[PDB]
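> Here's a structure for you.
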Amino acid sequence: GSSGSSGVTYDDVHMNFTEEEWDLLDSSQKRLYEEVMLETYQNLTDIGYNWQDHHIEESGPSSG
């Protein structure tokens with residue numbers, strides 16, 4: 001910005017409920033936090049092709 005940085009205010013974490021807090025929430029919040037998870041986690045089938053397959057022969061010589 002000007003010199004360095006001492007803010008980093010993303011302003012996108014107004015629902016970071018932890019395990020403990022999860023118990024102090026309501027039915028709406030408990031579902032709201034999941035509405036975003038299920039949307040961005042299980043509904044991700046548009047990644048594309050898949051050809052990432054490697055094979056290791058494994059060989060450790062010991063001659064000499």
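Going by the structure tokens order, chains are called A, B, ..., each with residues numbered from 1, while ligands are numbered from 1 in the order shown.
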Among chain A, which residues does DSSP mark as helix (DSSP H, G or I) when it is run on the backbone? Keep the chain and numbering as in the structure and answer as a PyMOL selection string.
chain A and resi 19-23+27-39
> For atom CA of residue 11 of chain A and atom CA of residue 30 of chain A, quote the distance in Å rounded to one decimal.
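Computing the Euclidean distance for atom CA of residue 11 of chain A and atom CA of residue 30 of chain A yields 20.5 Å.
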> Determine, counting only C-alpha atoms, which protein, DNA and RNA residues have an atom within 12 Å of an atom of residue 16 of chain A; residues of the same chain fewer than 2 positions away are not included. Present the result as a ChimeraX atom specification.
/A:11-14,18-22,25,29-30,32-34
> Using the selection just defined, write its residues with N, CA and C atoms as an mmCIF file, in the first residue's frame.

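Saved the output as out.cif:
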data_model
loop_
_atom_site.group_PDB
_atom_site.id
_atom_site.type_symbol
_atom_site.label_atom_id
_atom_site.label_comp_id
_atom_site.auth_asym_id
_atom_site.auth_seq_id
_atom_site.Cartn_x
_atom_site.Cartn_y
_atom_site.Cartn_z
ATOM 1 N N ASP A 11 -12.301 -9.351 5.464
ATOM 2 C CA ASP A 11 -13.711 -9.085 5.720
ATOM 3 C C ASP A 11 -14.590 -10.172 5.105
ATOM 4 N N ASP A 12 -14.152 -11.421 5.230
ATOM 5 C CA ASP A 12 -14.899 -12.550 4.687
ATOM 6 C C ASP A 12 -14.908 -13.717 5.667
ATOM 7 N N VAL A 13 -14.873 -13.400 6.958
ATOM 8 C CA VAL A 13 -14.877 -14.424 7.996
ATOM 9 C C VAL A 13 -15.835 -14.056 9.125
ATOM 10 N N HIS A 14 -17.087 -13.790 8.768
ATOM 11 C CA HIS A 14 -18.102 -13.427 9.749
ATOM 12 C C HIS A 14 -18.960 -14.632 10.120
ATOM 13 N N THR A 18 -16.121 -22.284 15.564
ATOM 14 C CA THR A 18 -15.317 -23.462 15.871
ATOM 15 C C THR A 18 -16.187 -24.579 16.438
ATOM 16 N N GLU A 19 -15.551 -25.684 16.814
ATOM 17 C CA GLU A 19 -16.267 -26.827 17.372
ATOM 18 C C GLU A 19 -17.093 -26.415 18.587
ATOM 19 N N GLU A 20 -16.465 -25.686 19.504
ATOM 20 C CA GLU A 20 -17.143 -25.227 20.710
ATOM 21 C C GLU A 20 -18.290 -24.284 20.363
ATOM 22 N N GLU A 21 -17.994 -23.276 19.549
ATOM 23 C CA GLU A 21 -19.002 -22.305 19.139
ATOM 24 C C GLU A 21 -20.150 -22.990 18.404
ATOM 25 N N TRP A 22 -19.816 -24.009 17.616
ATOM 26 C CA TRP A 22 -20.816 -24.754 16.856
ATOM 27 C C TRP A 22 -21.970 -25.202 17.750
ATOM 28 N N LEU A 25 -24.582 -22.219 18.637
ATOM 29 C CA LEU A 25 -25.258 -21.643 17.481
ATOM 30 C C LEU A 25 -26.707 -22.109 17.406
ATOM 31 N N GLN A 29 -27.847 -20.978 11.731
ATOM 32 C CA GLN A 29 -26.399 -20.851 11.592
ATOM 33 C C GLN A 29 -25.767 -22.200 11.266
ATOM 34 N N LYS A 30 -26.207 -23.237 11.972
ATOM 35 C CA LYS A 30 -25.686 -24.582 11.764
ATOM 36 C C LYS A 30 -25.911 -25.039 10.326
ATOM 37 N N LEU A 32 -26.462 -22.685 7.776
ATOM 38 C CA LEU A 32 -25.842 -21.670 6.933
ATOM 39 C C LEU A 32 -24.370 -21.988 6.694
ATOM 40 N N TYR A 33 -23.705 -22.487 7.728
ATOM 41 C CA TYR A 33 -22.294 -22.837 7.633
ATOM 42 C C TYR A 33 -22.103 -24.082 6.771
ATOM 43 N N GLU A 34 -23.134 -24.920 6.718
ATOM 44 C CA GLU A 34 -23.083 -26.147 5.929
ATOM 45 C C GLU A 34 -23.512 -25.882 4.490
#
> Figure out the distance between atom CA of residue 10 of chain A and atom CA of residue 40 of chain A, please, to one decimal in Å.
19.2 Å
